[PDB]
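Q: Pasting in a structure now, in structure tokens, and then I'll have a few things to ask.
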Amino acid sequence: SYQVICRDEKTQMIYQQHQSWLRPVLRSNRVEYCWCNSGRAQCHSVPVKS
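The letter at position 22 of the sequence shown is residue 22 when you use PDB author numbering, and the numbering goes up by one with no holes.
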């Protein structure tokens, strides 16, 4: 089948392609940015201070 969705085990939520979905922080105060670049759920972390 096609592969564009993004299964996130951090919450068990699936997303579409190029769809961005933020995840809670770990213990500090940063936000987890996770978006689907093709089906591998791309991600990065950008703190609130900017």
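By construction, the Cβ of each residue, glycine as well, lies at the ideal position given by its N, Cα and C atoms.
How would you write the range of the beta strand (DSSP E) that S20 sits in, first residue to last?
A: First-last of the beta strand (DSSP E) with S20: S20 to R23.
Q: If I measure Cβ to Cβ from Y15 and keep anything under 6 Å in the same chain, skipping five residues before and after, which residues do I get?
A: Cβ within range, chain order: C6, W21 and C36.
Q: Closest to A41 by CA distance: which of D8, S1 and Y2 is it?
A: Of the listed residues, the one whose Cα sits closest to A41 is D8.
Q: Alpha carbon to alpha carbon, how far is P47 from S28? Give it in angstroms, no decimals.
A: Distance between the alpha carbons of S28 and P47 is about 9 Å.
Q: For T11 versus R23, is the C-beta distance shorter than 8 Å?
A: Result yes, Cβ atoms of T11 and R23 sit closer than 8 Å.
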